[PDB]
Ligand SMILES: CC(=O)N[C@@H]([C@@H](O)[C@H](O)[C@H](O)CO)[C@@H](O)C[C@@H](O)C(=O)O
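Read the single chain below, which is given as structure tokens and is the form deposited without the ligand.
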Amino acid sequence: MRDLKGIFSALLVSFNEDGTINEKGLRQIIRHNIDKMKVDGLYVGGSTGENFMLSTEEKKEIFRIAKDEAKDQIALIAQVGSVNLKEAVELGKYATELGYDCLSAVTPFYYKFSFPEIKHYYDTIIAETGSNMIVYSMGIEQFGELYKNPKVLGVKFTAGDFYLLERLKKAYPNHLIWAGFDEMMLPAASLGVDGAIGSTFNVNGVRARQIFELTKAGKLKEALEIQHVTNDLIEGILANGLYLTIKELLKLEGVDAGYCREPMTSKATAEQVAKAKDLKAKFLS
């Protein structure tokens, strides 16, 4: 398998006003990431792609478009998790067929699964597809149990618990860790994470790569200055509405990022558009 370390943008999807996928806009988002953000890879079908508001067929169309547009230029991970395990297996087979480099899967949600149920879910996706898997996160003993399956590569770490982060890095040194919190990239990199998967790399890739590299070189003061500017931008993005603000910033860079998908507010208000313009002037110009 392809090297999966480094910076991965969690891929946003362009939607039309009626909720359907805007394919031309989706390819422009992808091209922006590969060609201008210079990411190491794309993480497709995650929360950032508005995945859980879509049908199985719509998820497959996004997987097809992303792989067709990215070809073998960068690494591609397909998030195929769901509350429906049969759907996760169907999506995992499809992504595997398309040539995705590995699968990822959120823990089954809506109902409360026990750990045994969560491990059986991941083992089932792996057994039925033949593909390697990135888990989400549970404690050290439970990661150990997950890691008894040799096709589990590591975890997309999205909880800000740096004690567990250190414990995992020590206990399972040959397993990978990708940071999921872009605003805490520096402290995660100080503990040796192997990469980061994030929604803000769709527009702030340049700084994200600088933080990651400066931190691994021990240049912590310089990395912190760039994390500070990054977090001023992230703070404004969160206050204005995360998904809509990143799309509006992409629109100012000539990327047809389109609308959000309903039940999320689909169209940005004038105020939201105004705030996006100010953010672009201050942090991305």
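When you see a residue number, it is the position in the sequence shown, counting from 1.
Keep in mind that the form solved in complex with the ligand is missing from the display, and what follows is about it.
Just one listed stretch, out of 80-88, 195-203, 146-154, 211-219, contacts the ligand in the entry with it bound at the 4.5 Å heavy atom level, and that stretch is 195-203. With a 4.5 Å cutoff on heavy atoms, residue 229 does not count as touching the ligand in the entry with it bound; it lies far away. In the entry with it bound, at least one heavy atom of residue 181 sits within 4.5 Å of the ligand. Although the partner is absent from this view, residue 242 contacts the ligand in the entry with it bound, with a non-hydrogen atom inside 4.5 angstroms. Taking non-hydrogen atoms only, residue 268 never approaches the ligand to within 4.5 angstroms in the entry with it bound. Along 12-50, these residues reach a heavy atom to within 4.5 Å of the ligand in the entry with it bound: 43, 46, 47, 48.
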